[PDB]
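K.L.:
One structure coming up, written as structure tokens, with questions to follow.
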Amino acid sequence: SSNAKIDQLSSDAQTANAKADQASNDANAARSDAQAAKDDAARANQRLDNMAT
Amino acid sequence: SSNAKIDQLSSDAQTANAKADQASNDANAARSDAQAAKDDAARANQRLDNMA
Amino acid sequence: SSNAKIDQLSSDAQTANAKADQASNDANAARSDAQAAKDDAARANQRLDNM
Ligand SMILES: [Zn+2]
Ligand SMILES: [Zn+2]
Ligand SMILES: [Zn+2]
């Protein structure tokens, strides 16, 4: 475009789309690790509950 | 609008905003979920700490 | 710009980019906290291994 403002807004939209995709990917990764943490903590509580006298 | 280029820009802007809102919600929920996981791990160690 | 549509698009594009930055920072914080939670759950199981 011959319009500087139009080129800038196009750049902003593209940069925003890419960043959003990356942020969602990272959020899902965090949720996966969060689940791993919860599962391992439950494992510890189960081992404690199943201890022999 | 009959300006084709302006229409494409409108579409790109709308998609970008929609995705940013989607990612903002995802990130907010994930931070909260991570705190819950931190609390769960802390509670497991607490049970080990308080056992006689 | 005397063109209202162009101004509105310029604003919306900048706002989307700012919101994406916010989401990036929050996602990064969540990954860090989740990792710390994983490490602490591992600490609990290690303590049990030594009993
Ligand atoms: Zn240009
Ligand atoms: Zn049109
Ligand atoms: Zn203007």
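Starting from 1 in every chain, residues are counted up; chains themselves are A, B, ... following the order of the structure tokens, and ligands are numbered from 1 as listed.
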Pull out every residue of chain A that has at least one atom within 7 Å of chain C, counting only C-alpha atoms, and report them as a VMD selection string.

P.N.:
chain A and resid 9 12 to 13 15 to 16 19 to 20 23 26 to 27 30 33 to 34 36 to 37 40 to 41 44

K.L.:
Could you please tell me, as a PyMOL selection string, which residues of chain B have an atom within 7 Å of chain A when using only C-alpha atoms?

P.N.:
chain B and resi 9+12-13+16+19-20+23+26-27+30+33-34+37+40-41+44

K.L.:
Store the residues picked out above in a file with N, CA, C and O atoms, as a short mmCIF file (atom, residue, chain, number, x, y, z; two decimals), in the first residue's frame.

P.N.:
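out-v6.cif, written as the output of this step:
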```cif
data_model
loop_
_atom_site.label_atom_id
_atom_site.label_comp_id
_atom_site.auth_asym_id
_atom_site.auth_seq_id
_atom_site.Cartn_x
_atom_site.Cartn_y
_atom_site.Cartn_z
N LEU B 9 -8.41 -6.26 4.88
CA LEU B 9 -7.84 -5.72 6.12
C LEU B 9 -8.83 -5.90 7.27
O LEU B 9 -8.45 -6.24 8.39
N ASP B 12 -8.75 -9.54 8.33
CA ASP B 12 -7.54 -9.87 9.07
C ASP B 12 -7.59 -9.29 10.49
O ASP B 12 -7.18 -9.96 11.43
N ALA B 13 -8.08 -8.06 10.63
CA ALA B 13 -8.18 -7.42 11.95
C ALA B 13 -9.16 -8.17 12.85
O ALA B 13 -8.90 -8.37 14.04
N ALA B 16 -7.62 -11.47 13.97
CA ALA B 16 -6.57 -11.23 14.96
C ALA B 16 -7.17 -10.94 16.33
O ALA B 16 -6.71 -11.48 17.34
N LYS B 19 -8.70 -14.14 17.85
CA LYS B 19 -7.67 -15.07 18.33
C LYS B 19 -7.01 -14.56 19.60
O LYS B 19 -6.73 -15.34 20.52
N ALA B 20 -6.75 -13.26 19.66
CA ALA B 20 -6.13 -12.68 20.86
C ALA B 20 -7.06 -12.85 22.07
O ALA B 20 -6.59 -13.13 23.18
N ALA B 23 -6.87 -16.50 23.12
CA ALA B 23 -5.61 -16.79 23.81
C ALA B 23 -5.57 -16.16 25.20
O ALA B 23 -4.98 -16.73 26.13
N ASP B 26 -7.55 -18.47 27.41
CA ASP B 26 -6.78 -19.70 27.63
C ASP B 26 -5.71 -19.51 28.67
O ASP B 26 -5.54 -20.34 29.56
N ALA B 27 -4.96 -18.42 28.53
CA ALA B 27 -3.85 -18.11 29.43
C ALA B 27 -4.33 -17.83 30.85
O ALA B 27 -3.69 -18.25 31.82
N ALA B 30 -5.33 -21.13 32.40
CA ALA B 30 -4.15 -21.95 32.65
C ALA B 30 -3.35 -21.45 33.87
O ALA B 30 -2.79 -22.26 34.61
N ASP B 33 -5.27 -22.75 36.84
CA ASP B 33 -5.12 -24.19 36.93
C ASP B 33 -3.75 -24.56 37.52
O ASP B 33 -3.64 -25.52 38.28
N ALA B 34 -2.72 -23.80 37.15
CA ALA B 34 -1.37 -24.05 37.64
C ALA B 34 -1.29 -23.79 39.15
O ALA B 34 -0.56 -24.47 39.87
N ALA B 37 -2.64 -26.73 40.90
CA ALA B 37 -1.67 -27.83 40.92
C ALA B 37 -0.61 -27.57 42.00
O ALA B 37 -0.19 -28.50 42.68
N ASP B 40 -2.10 -28.50 45.25
CA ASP B 40 -2.21 -29.95 45.43
C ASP B 40 -0.86 -30.56 45.85
O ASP B 40 -0.82 -31.39 46.76
N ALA B 41 0.22 -30.16 45.18
CA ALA B 41 1.55 -30.69 45.52
C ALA B 41 1.93 -30.28 46.95
O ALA B 41 2.49 -31.07 47.70
N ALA B 44 0.18 -32.42 49.53
CA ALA B 44 0.74 -33.77 49.65
C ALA B 44 1.94 -33.73 50.60
O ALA B 44 2.09 -34.61 51.44
#
```

K.L.:
What residues have any atom no more than 8 Å from ligand 2 when counting only C-alpha atoms and all ligand atoms, and can you list them as an mmCIF file with N, CA and C atoms, in the first residue's frame?

P.N.:
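Okay, part-v1.cif is ready:
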```cif
data_model
loop_
_atom_site.group_PDB
_atom_site.id
_atom_site.type_symbol
_atom_site.label_atom_id
_atom_site.label_comp_id
_atom_site.auth_asym_id
_atom_site.auth_seq_id
_atom_site.Cartn_x
_atom_site.Cartn_y
_atom_site.Cartn_z
ATOM 1 N N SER B 1 -18.268 -2.294 1.425
ATOM 2 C CA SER B 1 -17.258 -1.477 0.710
ATOM 3 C C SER B 1 -16.837 -2.087 -0.609
ATOM 4 N N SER B 2 -16.620 -1.245 -1.596
ATOM 5 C CA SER B 2 -16.193 -1.813 -2.853
ATOM 6 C C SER B 2 -14.678 -1.882 -2.936
ATOM 7 N N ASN B 3 -14.012 -1.374 -1.898
ATOM 8 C CA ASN B 3 -12.573 -1.395 -1.831
ATOM 9 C C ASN B 3 -12.213 -2.762 -1.330
ATOM 10 N N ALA B 4 -11.753 -3.614 -2.242
ATOM 11 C CA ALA B 4 -11.382 -4.977 -1.902
ATOM 12 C C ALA B 4 -10.286 -5.059 -0.853
ATOM 13 N N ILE B 6 -9.513 -2.960 1.491
ATOM 14 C CA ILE B 6 -10.004 -2.574 2.808
ATOM 15 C C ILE B 6 -10.756 -3.739 3.448
ATOM 16 N N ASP B 7 -11.505 -4.484 2.637
ATOM 17 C CA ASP B 7 -12.257 -5.626 3.157
ATOM 18 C C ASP B 7 -11.342 -6.711 3.701
#
```
